[PDB]
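Only one chain comes next, encoded as structure tokens, the form deposited in one PDB entry.
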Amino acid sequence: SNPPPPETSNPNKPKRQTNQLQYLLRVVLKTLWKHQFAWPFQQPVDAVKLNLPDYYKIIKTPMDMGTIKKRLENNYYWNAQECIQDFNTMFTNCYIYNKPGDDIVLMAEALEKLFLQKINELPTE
């Protein structure tokens, strides 16, 4: 009924760090994960439990910080921009499904402000 969670490991990809990928795991993800508003985003949205039959009809690319965390831990991303896109998709999903001023949107907006501030200090290429 729920979609399978996104893949988080690539079986043939070499392990390669970059300055930016190290920053995204050790600074960006770590900071957001511990925030008091992180919990609704730490795992895929369970649209069954929340009685939202239309969520996965409206959201074509589900994404969440638990998936991002595993991807970074497993070195799934080839570059930092793929990871940044996953964060942006997560926030977009919230803003296109939920009503403005819903509590979950306020929580997303607080997390996104912290995300964008950290991205402003992303190491150079």
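Rigid core: the largest C-alpha set superposing within 1.5 Å between the two forms. Residues that one form lacks are left out of the comparison. Note that residue numbering follows the sequence shown and begins at 1.
- Averaged over their C-alpha atoms, the temperature factors of 69-77 and 38-46 are higher for 38-46.
- Higher mean CA temperature factor between 49-57 and 78-86: 49-57, per the PDB entry.
- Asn19: CA B factor in the middle third of modelled residues in this chain (values from the PDB entry).
Keep in mind that the form deposited in another entry is missing from the display, and what follows is about it.
- A movement of the C-alpha atom of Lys113 falling short of 2 angstroms is seen between the shown form and the other one when the two forms are aligned on their rigid core.
- Every Cα shifting by 2 Å or more, across three or more consecutive residues, marks a moved region; comparing between the shown form and the other one on the rigid core, the sole such region is 10-17.
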